[PDB]
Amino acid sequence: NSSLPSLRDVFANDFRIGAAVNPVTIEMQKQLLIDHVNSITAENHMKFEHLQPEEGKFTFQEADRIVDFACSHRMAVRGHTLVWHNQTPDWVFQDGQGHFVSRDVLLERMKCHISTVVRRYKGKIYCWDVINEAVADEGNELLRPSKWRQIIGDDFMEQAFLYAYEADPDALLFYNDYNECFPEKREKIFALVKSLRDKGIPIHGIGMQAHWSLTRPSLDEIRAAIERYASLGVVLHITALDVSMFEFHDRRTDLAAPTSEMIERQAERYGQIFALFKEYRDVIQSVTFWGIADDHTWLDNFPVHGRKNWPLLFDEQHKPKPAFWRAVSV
């Protein structure tokens, strides 16, 4: 790596380069992070269940460790995530009798959580994914079902953004989602954010998770999504980038290693992706990978538990893959 280009330096005039981490991977991949990224995101430790597991019981230890690491290396930090239909404790929506709480009570709980968490990291975390995956991923409906929406109503997102803005008015607030480039969902996300912006709601950016495959979404779809979202006047962050070696329909579990064809196509794919991102450097301000090296990736167990995937720029031995070279030479 002595002669190896540094990702953050290569893209210094285009966008920050980040990685999702946890105390364990920070240790395991410490040198890679130190040499390549200038932004950090907590893979799981800043989610509701890991910050307030029980009402009134806040567990900031792991999150604090991640933030300390980032700050000691002058890396920015993205907060992920405040309001989501996943990884949120049941206590949040229930009362003493186990029955669902009212709209006003849930809003109080939402405001308290957001206020406590955001205020703790004010000045250290520059942006927050306030609402995560609220848009439906299937069907004709605009919104996905969730207890937040069920109890509060469809304006639960408006409230979440307002509470976060109040907690830290200097933070960039994001609506974050996946499958963001498929036309049907793109239009739903566009419509949603436009509606909020049209109401004066403090939403400053759209986070494109970019959990992509070798084939999907197409480069044209990515370009169209970038332009569509950028037209709203919001900042864009690619927040959880990875390029799976398996398409959604491919649920094989016998591959002990990727084929030369997979590795080659992945390299081309990453080169095309970054060439496109660089083209839109004026609207894209940060690109975060959901991890950094193939020795750790959530794709090893999702959507198929127990297999192995090789979705990032560095291999299991922390050595640059062909995708690395195409990515940095755009």
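Start at 1 and count along the sequence shown; that's the residue number.
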Of 147 to 155 and 221 to 229, the one with larger mean CA B-factor: 147 to 155
Mean temperature factor over C-alpha atoms, higher-scoring stretch between 303 to 311 and 11 to 19: 303 to 311
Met262, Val67, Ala275, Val287, ranked by C-alpha B-factor: the highest one: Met262
Residue of maximum C-alpha B factor among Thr239, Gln94, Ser213, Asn179, per deposited coordinates: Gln94
Modelled-residue ranking by C-alpha temperature factor, third containing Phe100: highest
Modelled-residue ranking by C-alpha temperature factor, third containing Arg109: middle
Chain thirds of CA B-factor: placement of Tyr165: middle
Chain third (lowest, middle, highest) by recorded CA B-factor, residue given as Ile292: middle
Ranked C-alpha temperature factor of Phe248 among modelled chain residues, by third: highest
